[PDB]
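Naming convention: chains lettered A, B, ... in sequence-line order (proteins, then strands); numbering from 1 in each chain. Note that ligands are numbered from 1 as they come in the structure, with each ligand's atoms numbered from 1 the same way. The basis for the numbers below is simple: all heavy atoms, side chains too, and nothing from hydrogens, waters or symmetry mates.
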Amino acid sequence: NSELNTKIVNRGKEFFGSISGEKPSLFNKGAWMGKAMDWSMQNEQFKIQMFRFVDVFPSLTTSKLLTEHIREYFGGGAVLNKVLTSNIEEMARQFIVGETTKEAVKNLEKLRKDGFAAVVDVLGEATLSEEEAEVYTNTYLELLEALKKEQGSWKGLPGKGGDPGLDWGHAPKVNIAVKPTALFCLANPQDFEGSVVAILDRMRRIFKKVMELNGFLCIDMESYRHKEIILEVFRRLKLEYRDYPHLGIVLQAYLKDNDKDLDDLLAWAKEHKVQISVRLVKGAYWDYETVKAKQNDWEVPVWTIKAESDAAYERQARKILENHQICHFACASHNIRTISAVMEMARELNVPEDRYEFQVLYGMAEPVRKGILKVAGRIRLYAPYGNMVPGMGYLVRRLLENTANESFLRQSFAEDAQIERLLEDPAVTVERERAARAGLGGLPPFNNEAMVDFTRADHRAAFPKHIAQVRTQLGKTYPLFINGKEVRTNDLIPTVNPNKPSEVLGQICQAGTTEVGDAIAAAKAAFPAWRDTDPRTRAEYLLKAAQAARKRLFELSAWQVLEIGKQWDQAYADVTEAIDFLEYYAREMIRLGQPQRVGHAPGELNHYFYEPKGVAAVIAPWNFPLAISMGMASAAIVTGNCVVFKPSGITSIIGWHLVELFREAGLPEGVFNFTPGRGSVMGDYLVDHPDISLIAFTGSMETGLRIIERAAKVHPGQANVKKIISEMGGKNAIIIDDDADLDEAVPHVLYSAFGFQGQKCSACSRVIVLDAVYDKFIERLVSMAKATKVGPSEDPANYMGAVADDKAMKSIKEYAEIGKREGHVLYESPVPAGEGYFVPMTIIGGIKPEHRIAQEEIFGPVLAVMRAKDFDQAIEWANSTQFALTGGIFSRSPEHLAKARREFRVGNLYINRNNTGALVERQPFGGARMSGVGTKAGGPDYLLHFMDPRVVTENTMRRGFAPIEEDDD
Amino acid sequence: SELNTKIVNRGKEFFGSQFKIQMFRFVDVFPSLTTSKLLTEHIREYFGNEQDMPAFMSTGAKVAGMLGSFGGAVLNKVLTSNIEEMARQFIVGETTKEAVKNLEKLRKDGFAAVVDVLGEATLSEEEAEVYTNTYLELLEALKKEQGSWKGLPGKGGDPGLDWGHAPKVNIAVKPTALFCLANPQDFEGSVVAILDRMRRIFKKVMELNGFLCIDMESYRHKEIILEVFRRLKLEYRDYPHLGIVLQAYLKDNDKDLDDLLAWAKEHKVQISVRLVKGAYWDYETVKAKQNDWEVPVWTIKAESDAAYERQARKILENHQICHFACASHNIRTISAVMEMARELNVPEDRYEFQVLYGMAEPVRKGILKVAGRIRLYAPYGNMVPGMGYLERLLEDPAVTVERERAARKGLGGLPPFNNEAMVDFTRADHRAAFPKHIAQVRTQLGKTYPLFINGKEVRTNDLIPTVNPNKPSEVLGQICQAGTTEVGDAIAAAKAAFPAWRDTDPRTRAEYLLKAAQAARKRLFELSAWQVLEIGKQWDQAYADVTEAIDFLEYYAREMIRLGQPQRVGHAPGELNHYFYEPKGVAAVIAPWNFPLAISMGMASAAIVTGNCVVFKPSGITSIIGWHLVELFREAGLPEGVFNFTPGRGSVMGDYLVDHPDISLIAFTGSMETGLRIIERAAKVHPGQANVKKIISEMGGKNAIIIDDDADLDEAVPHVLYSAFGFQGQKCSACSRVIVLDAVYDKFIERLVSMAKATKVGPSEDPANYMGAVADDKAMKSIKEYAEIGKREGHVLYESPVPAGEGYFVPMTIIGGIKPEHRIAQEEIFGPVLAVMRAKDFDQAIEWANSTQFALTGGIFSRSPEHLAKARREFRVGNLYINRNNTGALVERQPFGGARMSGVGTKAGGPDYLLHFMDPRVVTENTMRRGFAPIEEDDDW
Ligand SMILES: Cc1cc2nc3c(=O)[nH]c(=O)nc-3n(C[C@H](O)[C@H](O)[C@H](O)COP(=O)(O)OP(=O)(O)OC[C@H]3O[C@@H](n4cnc5c(N)ncnc54)[C@H](O)[C@@H]3O)c2cc1C
Ligand SMILES: Cc1cc2nc3c(=O)[nH]c(=O)nc-3n(C[C@H](O)[C@H](O)[C@H](O)COP(=O)(O)OP(=O)(O)OC[C@H]3O[C@@H](n4cnc5c(N)ncnc54)[C@H](O)[C@@H]3O)c2cc1C
Ligand SMILES: [K+]
Ligand SMILES: [K+]
């Protein structure tokens with residue numbers, strides 16, 4: 001509305017005029033803080049180094065660490081140490097009211113004398129243990145106890161009447177904020193109910209004490225990952241205390257979901273006949289959400305045009321004010337436009353002042369704050385307190401917030417103010433900027449398949465449903481598939497659920513040597529026509545197989561949950577990876593499929609091109625039973641070979657999915673043959689066969705090396721020297737440097753070691769921790785481990801579950817016993833009673849390179865902890881096995897990271913994240929040494945391993961004449 | 001511009017006085033269509049394109065195809081008749097009787113004549129004799145006729161002469177038609193062979209006081225032909241009727257002309273010159289560019305039109321000593337000669353004009369009415385095959401030149417790769433270089449060649465003499481042999497050198513290869529001469545070995561620079577993935593004797609430049625050439641231990657080297673038997689062994705060339721002879737089976753065997769010899785037994801003489817009747833034993849081509865697009881060559897290697913090769929800290 005907007009602009013103009021020349025303290029260049037922010041706003045490279053240096057600072061406990069990091073980041077001594085320490089502490093102190101409860105209450109009271117209310121927060125988020133969650137909870141209880149004893153002596157902040165005991169006459173004097181992720185270390189929508197209950201139970205304990213002193217509790221909103229969980233905690237706590245009005249929730253206007261979330265919540269309040277309070281903010285995690293989404297192949301949950309967040313805020317604030325009778329409103333913004341909008345919308349709607357207040361962050365926007373105090377009178381400061389390390393996330397969000405290009409505050413106080421532009425109706429700005437914003441073979445470029453996203457109710461509902469549906473399909477007999485036809489044999493092997501082995505999923509026919517011979521012959525007969533099929537047409541078959549899998553994504557995942565004990569996310573990622581291989585290798589064949597002219601001499605034409613080899617034997621593992629199976633089979637297929645495929649005997653139903661997918665794609669008969677069989681009956685037979693030209697194997701070293709020896713022999717009638725593609729496992733280390741962010745390292749190490757019960761060739765089985773941070777890291781690692789539960793993978797509350805089968809359990813348990821003798825147990829989890837191949841989550845310390853569990857691949861949930869004296873020994877220890885598949889390092893030292901990139905010679909080295917989870921294209925996967933033969937699946941050199949090059953050279957000069965070609969010399 | 005205006009006007013006077021390509025292709029191939037089936041198939045194929053053809057042709061082609069051979073007879077009758085009639089407009093006859101008759105209708109029209117024989121390329125001594133005797137036969141017929149010939153109208157002189165001064169009988173002769181192996185590589189032998197035949201023809205010419213003119217052919221033979229003319233002139237100084245052709249398009253011509261005139265004056269003789277522009281322009285430019293030779297011709301057409309006038313003038317000036325024939329169809333060129341002569345008052349007995357008999361009759365006559373003395377160049381021979389073989393315009397070309405002249409990339413800072421220039425025996429310095437360097441090598445014999453380990457020479461008590469296979473009494477040197485102890489020391493040195501070398505920047509590693517390449521280039525003739533003596537390489541074979549070694553160095557240097565930069569993969573924000581390559585460790589390089597520098601350097605330098613360290617075992621019979629690698633890397637300053645030289649007895653140290661746990665890669669080129677054994681032993685992982693051993697293996701072939709029934713035999717025969725017998729057949733790429741279609745078989749085998757008969761077997765230091773001794777006594781005994789096996793299996797067609805006395809000589813041997821079931825159709829002989837297989841149809845030819853366990857190279861000669869496309873698809877070898885020999889793969893142009901029992905699919909000299917010596921690594925970094933990440937340019941954002 002033009003009339004309302006005019007009032008808003010005019011108020012905004014009066015506001016700017018009143019603060020003309022004033023700047024927030026943070027930008028004051030008479031202080032280190034101000035100069036650093038100035039430099040950061042001027043130079044992106046410096047900003048990154050500066051903010052990263054702030055993050056690593058608390059770990060720099062020695063003079064050596066401090067001076068070296070300064071040189072590495074930016075390139076008597078005691079006093080210089082304290083100069084630097086004081087500077088960083090100044091940056092942290094900028095945004096906090098204290099370090100202890102006592103100091104906070106004291107400064108809280110000085111703030112009241114200046115006329116400011118407060119919402120008090122205990123710094124902390126993303127907790128790592130139950131014990132840490134308890135400390136955080138008890139800190140709030142301690143705060144409330146101290147506040148209960150002081151508030152009686154507080155005169156209520158000046159207001160226009162009401163109760164002089166209350167702030168402004170109506171607001172409770174005690175107001176606290178709590179971050180839900182500080183309340184549960186395993187908060188995750190994958191375990192939606194368990195997360196809600198764990199957080200709710202601690203929140204209730206805090207809320208009960210709040211209600212004791214008639215105070216206000218506001219629940220902060222954190223990353224999008226937990227948004228739905230947090231709304232549910234609020235709804236549940238609210239209904240438990242339906243008559244208590246002082247409970248609030250943060251809603252984030254920068255979220256696309258927020259128009260609906262706010263509508264849902266207002267309707268919900270009406271339906272349940274309760275009142276609510278909403279602190280409307282834009283949102284604090286924008287940089288994170290954008291990146292996190294793209295990295296994890298989820299949809300971006302925030303608006304990406306800044307004005308869209310402003311417009312949404314004005315929309316949503318208006319909706320709230322219109323509903324002031326049921327919804328109390330806290331306007332939390334430092335933006336003069338946004339603030340003036342709220343003031344004029346409230347005026348127009350005639351909203352009583354007891355229904356809305358203004359909030360700003362402590363240590364920011366002081367001139368804006370001063371204006372609100374003068375004009376509105378009701379201004380509350382978000383006041384956090386605590387130490388630098390638990391407050392580091394918050395601190396960095398403030399540094400980013402105040403220096404961002406799109407920041408209102410930066411544009412008002414760090415740049416020359418363009419007031420007319422700053423005060424524009426953001427809806428108008430959205431229209432303009434939205435307007436302005438507006439591969440080969442015809443194929444769109446490759447993108448990894450969307451990962452399951454348990455923020456979605458439908459994705460959360462899908463798994464229990466598909467798992468149940470799978471259970472309606474048990475008991476079937478799975479035949480061989482040879483030359484386009486189903487072939488039954490008499491020999492059946494049941495396949496069972498490792499988490500509940502009495503549950504039989506199906507019976508699998510076994511191929512004898514005769515049937516495998518029939519499969520090889522069919523592959524061989526099909527080969528000439530398939531070899532002669534256009535590469536683009538072969539690619540099209542893979543694309544059709546991918547679409548078929550895409551249609552069955554949840555169903556395919558559910559099968560893996562039951563047949564091999566994949567957790568929901570592990571199962572889904574297995575299927576999406578199979579899909580990625582199909583899409584990526586289709587495109588790779590299209591690229592490689594066109595002959596290239598080579599040389600540039602006239603009178604001559606040379607073309608270099610590729611052809612397939614013949615029949616490929618594909619021998620797949622059980623641990624990534626669809627992904628790796630499909631990767632090897634489809635690479636061989638798309639390059640023009642025909643395949644005889646032996647799935648693992650314990651994931652043969654998953655192996656059958658390859659049959660179903662290629663059948664739906666309509667692949668020609670003979671090109672793909674499915675011959676599950678007993679290795680003792682047909683393993684050597686398949687590898688030895690004279691008509692095999694390629695073997696693609698992923699498995700243990702022992703088996704891989706045996707195949708490599710047997711395959712080397714050229715038998716009578718054998719056409720080619722057999723090509724080997726082999727991936728043979730690892731004994732992978734993660735190094736924890738002394739400057740590592742332990743809050744990051746702990747959950748990544750835990751996932752690397754115990755994800756899918758440790759049954760990955762990439763799994764971390766050695767964590768090599770520098771002596772200087774050893775006790776601190778191990779305490780935190782063990783504490784998080786203790787909170788995790790072992791049990792059936794179909795139950796998403798469980799972190800890990802049964803290993804693959806009875807033989808694997810016996811082998812892993814024997815290794816666990818060896819390890820317990822070699823070192824000392826640091827943690828050994830309980831397991832469920834009754835049936836299931838359960839091995840405890842096991843962590844063993846005191847391990848050294850000479851120990852068997854530091855050398856031999858266990859392939860189970862047994863983590864060796866190695867205490868290294870310095871970074872040089874960590875590297876040496878990392879390199880001390882015969883394997884070299886993956887590795888990880890947590891370090892914030894450029895020099896150490898460079899040393900690791902050069903010297904930690906593994907196939908896939910990961911810096912500051914888990915060392916599992918390689919994605920197609922992004923992380924081509926595979927290594928050398930005893931871990932493989934240097935082939936990397938999902939990368940641009942892989943398909944060539946399944947082919948051989950040919951050249952055709954033509955003499956184009958006939959009778960002393962040759963046609964000129966465009967690229968001739 | 002006095003003469004110019006006068007030239008323009010002499011010219012003005014004169015001026016008043018897809019389907020087409022398919023048609024040309026059809027006439028070309030027509031003489032080969034010897035069956036109705038062949039004829040209908042080629043009509044169907046050549047004129048089948050519905051879109052690009054007239055609908056008459058398009059519809060006829062389809063009809064021809066549907067009728068098949070049943071429709072052939074009527075087509076042959078019609079097409080032959082029409083083509084014979086067409087040919088009659090360019091060729092004066094195919095019998096002497098028919099010739100004379102038209103030569104007389106020509107005299108009775110105002111035209112003199114020069115007669116030339118148009119036939120197939122001379123590929124044998126018999127064919128040279130047929131050509132020669134055809135001239136003798138025309139001269140006898142002309143002798144018996146020129147008496148009754150009324151001399152052409154004139155102004156003075158003998159009226160029993162043409163124009164009163166010109167002999168009535170004039171013949172032109174093509175030099176290379178007199179000697180099928182004419183080659184400047186054997187300059188003197190080529191001169192003598194041709195001269196001996198030219199002399200016999202000339203005497204018959206002098207017997208009837210006629211004129212003999214010696215044609216000029218391609219640049220390859222120019223200096224040979226000039227020397228022939230001289231030797232012949234001095235033999236008959238006083239006989240004035242001998243002529244030579246000079247080509248104005250050659251940059252050499254100015255000096256060649258001046259030198260010839262001088263030479264004449266000095267020896268006090270007269271000469272005659274037929275000045276032409278040049279008939280081989282496209283050939284010369286392509287051949288020069290394929291070999292990095294100097295381009296011998298101008299490349300602006302006007303430059304040739306200008307050079308002609310320059311040179312015609314100079315000739316006319318010296319008319320007292322040099323008679324002159326103007327041979328051009330260019331009005332400006334004829335005009336400008338005319339006036340230049342008449343502006344220097346050259347008597348008319350000193351210049352005549354020559355044009356093609358095939359020139360349009362009105363143009364031919366209207367030109368006579370201005371120039372007066374026109375001689376017709378009159379081709380003579382078989383009509384059908386003969387036809388298969390067949391204003392501003394008046395401006396001063398020098399002006400045109402000044403104007404058109406006036407009107408007129410690599411990475412890593414390095415120029416783009418280009419193959420090292422091949423030796424050029426048209427150069428006197430290149431011809432002189434081999435005898436010199438061979439003699440210099442002979443001053444260096446008798447040395448003891450030590451091991452080279454960790455930068456040091458290491459001697460052992462066990463010495464093996466290396467000898468000349470063409471003269472085994474000649475001992476070139478003694479080679480120290482490494483026992484297992486020394487090989488272990490080499491392996492340990494390599495392993496100790498590896499970490500520092502792996503960490504050496506790829507651009508720096510490449511720099512060492514570039515320095516080794518410059519070092520080899522500096523010693524090219526010397527390095528070549530050594531191979532001539534140590535392994536019996538012929539001059540060109542030796543030089544090509546060294547140039548290929550240089551090419552591997554230059555190419556692999558560039559490949560490592562390309563591959564050495566990590567590449568970001570993926571495009572997710574908050575994340576950096578970099579994909580890059582690392583070396584494996586110690587490489588065993590086990591090299592063959594047959595390309596002793598090229599293959600050795602290729603495998604060694606590839607391993608070295610990729611960051612591996614090398615333990616190198618040369619063949620026991622080419623260890624001095626192996627020592628050259630030591631010299632070259634030493635001169636490049638390669639760090640100690642990176643390259644180690646350990647010749648040793650395979651029986652003593654071969655398995656030890658392959659089996660060693662510290663070896664990570666084995667690069668082998670050699671026999672299948674040895675390669676497969678290496679593959680089996682390398683597969684095993686021994687205690688302490690770090691990697692699964694990587695195999696790079698090339699294991700030989702049983703390579704076929706298919707001769708389709710429409711093949712051009714003038715090209716196919718010599719290419720097959722070279723492919724089979726070049727370097728005594730000792731190549732993994734050699735043609736050991738020639739599979740010949742039934743309809744062309746008898747003609748092909750006659751010409752091939754007759755060519756083989758013309759060649760000589762003997763010492764490879766003698767450039768006159770085609771091939772020489774095989775590698776050693778063991779090879780000789782083995783090859784000879786295979787020959788005896790073959791002779792029992794099939795039918796010997798040719799077995800050459802060999803020199804008496806010492807030397808490992810195997811006869812050049814051709815055996816027919818060979819079928820796929822035969823041992824010599826299956827087993828690699830590696831010597832000069834060629835199996836000839838008669839295939840009943842093209843389908844069978846393909847099936848026979850694919851009938852061995854090998855698949856290295858192949859070749860096909862065909863002019864059928866459908867047969868060629870079938871070969872490209874189904875003749876599945878690593879390197880298939882169409883319409884040329886199947887040997888001589890060049891770096892980059894022909895990356896080399898195959899699969900089946902021929903190799904493991906590695907191709908030396910190509911863009912996938914270096915990757916086989918490395919393993920890939922990925923580093924993945926999470927760049928997000930505390931909720932923010934640096935924005936990268938290549939991010940999806
Ligand atoms: C008292 C208080 C409590 C808060 N509590 C929370 C909380 O519990 N949870 C939470 O997530 N946030 C919370 N916030 C908000 C957050 O911390 C920032 O303070 C706030 O987003 C800044 O907005 P603005 O109107 O002050 O400044 P502005 O400069 O107007 O707005 C900046 C905001 O715009 C958004 N933005 C930036 N770039 C883009 C873009 N390209 N596209 C779309 N949007 C963009 C971001 O949200 C950014 O913070 C709170 C804020 C206050 C004052
Ligand atoms: C009677 C007679 C005898 C002959 N004898 C021989 C012989 O023994 N040896 C021999 O080699 N040929 C011989 N020729 C052919 C001669 O050399 C030329 O091929 C042809 O005659 C030139 O034709 P032109 O002067 O009529 O016409 P033009 O159009 O004037 O001349 C064409 C010529 O220009 C030259 N040319 C074309 N393009 C370029 C370019 N881009 N740069 C530089 N030069 C260029 C070529 O030589 C080409 O032949 C003979 C020709 C005749 C008529
Ligand atoms: K199972
Ligand atoms: K020798």
Chemist: For B/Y377, take its heavy atoms, then give the atoms of ligand 2 lying under 4.0 Å from any of them.
Modeler: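 Ligand 2 atoms under the 4.0 Å threshold to B/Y377: 1 (C), 3 (C).
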
Chemist: Under 6.0 Å between ring centres: does that hold for B/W627 and B/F645?
Modeler: yes

Chemist: Does A/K566 make a cation-pi contact with A/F624, if we ask for NZ or CZ under 6.0 Å from the ring centre and within 45° of the axis?
Modeler: yes

Chemist: Is it the case that the side chain of B/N470 and the backbone of B/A773 share a donor-acceptor pair, with hydrogens and angles ignored and the cut-off at 3.5 Å?
Modeler: yes

Chemist: Round to 10° and report the angle made at the K ion (ligand 3) by OG1 of A/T495 and O of A/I650.
Modeler: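 Vertex at the K ion (ligand 3): approximately 70°.
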
Chemist: State the atom name: nearest N, O or S atom of B/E534 to the K ion (ligand 4).
Modeler: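 Result: O.
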
Chemist: Is the A/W622 to A/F859 ring centre distance short of 6.0 Å?
Modeler: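 Yes: the rings meet the under 6.0 Å criterion.
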
Chemist: Counting heavy atoms only, which of B/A378, B/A306, B/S328 comes nearest to atom 25 (O) of ligand 2?
Modeler: B/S328

Chemist: Less than 4.0 Å between a side-chain N and a carboxylate O, is that true for B/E352 and B/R274?
Modeler: no

Chemist: Taking atom types as modelled, find out whether B/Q730 and B/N594 have a side-chain donor-acceptor pair closer than 3.5 angstrom.
Modeler: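 No, no side-chain donor-acceptor contact under 3.5 Å.
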
Chemist: Any heavy atom of B/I300 closer to ligand 2 than 4.0 angstrom?
Modeler: yes

Chemist: Below 3.4 Å, any N, O or S contact between A/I564 and the K ion (ligand 3)?
Modeler: no

Chemist: Would A/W622 count as a contact for the K ion (ligand 3), in the sense that one of its N, O or S atoms lies under 3.4 Å from it?
Modeler: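 Of the N, O and S atoms in A/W622, none lies under 3.4 Å from the K ion (ligand 3), which means no.
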
Chemist: Using 3.4 Å as the threshold, say whether any N, O or S atom from B/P469 sits that close to the K ion (ligand 4).
Modeler: no

Chemist: Does some non-hydrogen atom of B/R332 fall short of 4.0 Å from ligand 2?
Modeler: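 Heavy atoms of B/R332 never come under 4.0 Å of ligand 2.
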
